[PDB]
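Enquirer: Got a structure here, written out as structure tokens. Questions coming.
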Amino acid sequence: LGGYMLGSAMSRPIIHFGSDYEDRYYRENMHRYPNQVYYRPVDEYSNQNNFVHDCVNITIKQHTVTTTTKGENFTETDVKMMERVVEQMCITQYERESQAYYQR
């Protein structure tokens with residue numbers, strides 16, 4: 001990362017994927033997932049969705065790196081759930097400054 005920023009914590013939001021199985025499974029298994037994300041400031045490199053990818057990947061793969069050192073093995077489904085959580089949290093932390101970027 002070397003020069004990213006980090007956001008505040010939030011208590012793990014629910015992400016209504018579109019099925020009752022997943023909506024439950026999440027609350028059964030929410031206590032494993034990340035609750036913060038990593039992204040740069042907007043001054044040189046600024047983007048919309050590219051910046052969500054370079055947030056989400058860099059956070060997700062930070063877990064999928066650490067998993068090997070944590071003696072964990074996030075399932076492909078766990079990674080898929082984490083992706084969504086990381087997206088909405090990163091988009092949240094985008095809006096807060098994007099409204100202070102496109103309104104300056």
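Identifiers for the structure tokens are assigned positionally: chains receive A, B, ... in sequence, residues are indexed from 1 per chain, and ligands are indexed from 1 in the order shown.
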Where does region 74-103 of chain A meet region 29-43 of chain A within 10 Å, residue by residue, with the nearest atom pair and distance in Å to one decimal for each, counting only C-alpha atoms, listed by chain and rising number, as a Markdown table?
Expert:
```
| residue | atom | partner | partner_atom | distance |
| --- | --- | --- | --- | --- |
| A:74 | CA | A:32 | CA | 9.0 |
| A:78 | CA | A:33 | CA | 8.3 |
| A:79 | CA | A:33 | CA | 9.0 |
| A:81 | CA | A:33 | CA | 8.6 |
| A:82 | CA | A:33 | CA | 6.2 |
| A:83 | CA | A:33 | CA | 9.8 |
| A:85 | CA | A:35 | CA | 8.2 |
| A:86 | CA | A:37 | CA | 6.5 |
| A:87 | CA | A:37 | CA | 9.0 |
| A:89 | CA | A:37 | CA | 7.3 |
| A:90 | CA | A:37 | CA | 6.4 |
| A:93 | CA | A:37 | CA | 9.0 |
| A:94 | CA | A:39 | CA | 9.2 |
| A:97 | CA | A:42 | CA | 8.8 |
| A:98 | CA | A:42 | CA | 8.7 |
| A:101 | CA | A:42 | CA | 8.4 |
```
Enquirer: Suppose we keep N, CA, C and O atoms; can you now write the selection as an mmCIF file, in the first residue's frame?
Expert:
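Everything below was put into selection_28.cif:
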```
data_model
loop_
_atom_site.group_PDB
_atom_site.id
_atom_site.type_symbol
_atom_site.label_atom_id
_atom_site.label_comp_id
_atom_site.auth_asym_id
_atom_site.auth_seq_id
_atom_site.Cartn_x
_atom_site.Cartn_y
_atom_site.Cartn_z
ATOM 1 N N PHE A 74 -10.698 -18.253 4.480
ATOM 2 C CA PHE A 74 -11.937 -17.657 3.996
ATOM 3 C C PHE A 74 -12.410 -18.415 2.756
ATOM 4 O O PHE A 74 -11.650 -18.515 1.781
ATOM 5 N N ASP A 78 -17.098 -16.593 1.449
ATOM 6 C CA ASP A 78 -16.737 -15.610 2.467
ATOM 7 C C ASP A 78 -16.077 -14.410 1.809
ATOM 8 O O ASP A 78 -16.451 -13.282 2.113
ATOM 9 N N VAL A 79 -15.133 -14.630 0.888
ATOM 10 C CA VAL A 79 -14.533 -13.572 0.100
ATOM 11 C C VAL A 79 -15.632 -12.826 -0.671
ATOM 12 O O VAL A 79 -15.670 -11.601 -0.584
ATOM 13 N N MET A 81 -18.792 -12.381 0.095
ATOM 14 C CA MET A 81 -19.540 -11.577 1.056
ATOM 15 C C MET A 81 -18.700 -10.381 1.482
ATOM 16 O O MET A 81 -19.194 -9.251 1.471
ATOM 17 N N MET A 82 -17.433 -10.618 1.837
ATOM 18 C CA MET A 82 -16.527 -9.561 2.239
ATOM 19 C C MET A 82 -16.421 -8.516 1.138
ATOM 20 O O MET A 82 -16.433 -7.336 1.481
ATOM 21 N N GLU A 83 -16.349 -8.902 -0.146
ATOM 22 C CA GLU A 83 -16.229 -7.942 -1.242
ATOM 23 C C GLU A 83 -17.341 -6.906 -1.130
ATOM 24 O O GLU A 83 -17.059 -5.709 -1.088
ATOM 25 N N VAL A 85 -19.334 -6.067 1.421
ATOM 26 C CA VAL A 85 -19.193 -5.245 2.612
ATOM 27 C C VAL A 85 -18.137 -4.166 2.341
ATOM 28 O O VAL A 85 -18.399 -2.985 2.567
ATOM 29 N N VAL A 86 -16.952 -4.548 1.853
ATOM 30 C CA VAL A 86 -15.859 -3.624 1.582
ATOM 31 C C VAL A 86 -16.320 -2.574 0.564
ATOM 32 O O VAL A 86 -16.020 -1.402 0.773
ATOM 33 N N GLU A 87 -17.067 -2.948 -0.485
ATOM 34 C CA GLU A 87 -17.611 -2.014 -1.459
ATOM 35 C C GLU A 87 -18.439 -0.960 -0.736
ATOM 36 O O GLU A 87 -18.087 0.215 -0.802
ATOM 37 N N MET A 89 -18.881 -0.009 2.333
ATOM 38 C CA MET A 89 -18.108 0.807 3.272
ATOM 39 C C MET A 89 -17.173 1.767 2.541
ATOM 40 O O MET A 89 -17.039 2.907 2.991
ATOM 41 N N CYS A 90 -16.532 1.339 1.447
ATOM 42 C CA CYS A 90 -15.613 2.235 0.755
ATOM 43 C C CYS A 90 -16.387 3.324 0.016
ATOM 44 O O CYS A 90 -16.030 4.494 0.101
ATOM 45 N N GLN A 93 -17.323 5.945 2.426
ATOM 46 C CA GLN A 93 -16.227 6.844 2.737
ATOM 47 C C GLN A 93 -15.799 7.676 1.523
ATOM 48 O O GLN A 93 -15.222 8.742 1.731
ATOM 49 N N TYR A 94 -16.148 7.273 0.296
ATOM 50 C CA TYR A 94 -16.024 8.115 -0.882
ATOM 51 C C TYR A 94 -17.019 9.264 -0.819
ATOM 52 O O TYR A 94 -16.608 10.418 -0.912
ATOM 53 N N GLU A 97 -16.367 12.583 1.085
ATOM 54 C CA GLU A 97 -15.374 13.537 0.588
ATOM 55 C C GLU A 97 -15.641 13.934 -0.862
ATOM 56 O O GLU A 97 -15.285 15.045 -1.252
ATOM 57 N N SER A 98 -16.332 13.100 -1.641
ATOM 58 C CA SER A 98 -16.738 13.392 -3.005
ATOM 59 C C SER A 98 -17.711 14.574 -3.013
ATOM 60 O O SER A 98 -17.634 15.445 -3.888
ATOM 61 N N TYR A 101 -15.648 17.593 -2.901
ATOM 62 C CA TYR A 101 -14.699 17.535 -4.001
ATOM 63 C C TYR A 101 -15.408 18.148 -5.191
ATOM 64 O O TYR A 101 -14.972 19.163 -5.721
#
```
Enquirer: Where in chain A does DSSP assign strand (DSSP E or B), given as a list in words?
Expert: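 Here are the strand (DSSP E or B) residues of chain A: residues 5, 6, 38 and 39 of chain A.
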Enquirer: Can you work out which one of A:51, A:80, A:7, A:58 has the shortest atom-to-atom distance to residue 22 (chain A), counting only C-alpha atoms?
Expert: A:80
Enquirer: Apply DSSP to the backbone of this structure and, from chain A, keep only the residues in alpha helix (DSSP H); write these as a PyMOL selection string.
Expert: chain A and resi 20-28+49-70+76-98
Enquirer: So what do you get for CA of residue 5 (chain A) versus CA of residue 60 (chain A), distance-wise?
Expert: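 These two atoms are separated by 15.3 Å.
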Enquirer: Provide the CA of residue 21 (chain A) to CA of residue 65 (chain A) distance in Å, to one decimal place.
Expert: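 A separation of 27.9 Å between them.
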Enquirer: Rank nothing, just name the residue among A:25, A:17, A:102, A:45 nearest to residue 84 (chain A), using only C-alpha atoms.
Expert: A:17
Enquirer: Hey, which of A:99, A:69, A:75, A:88 ends up closest to residue 52 (chain A)? Count only C-alpha atoms.
Expert: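 The closest residue to residue 52 (chain A) is A:88.
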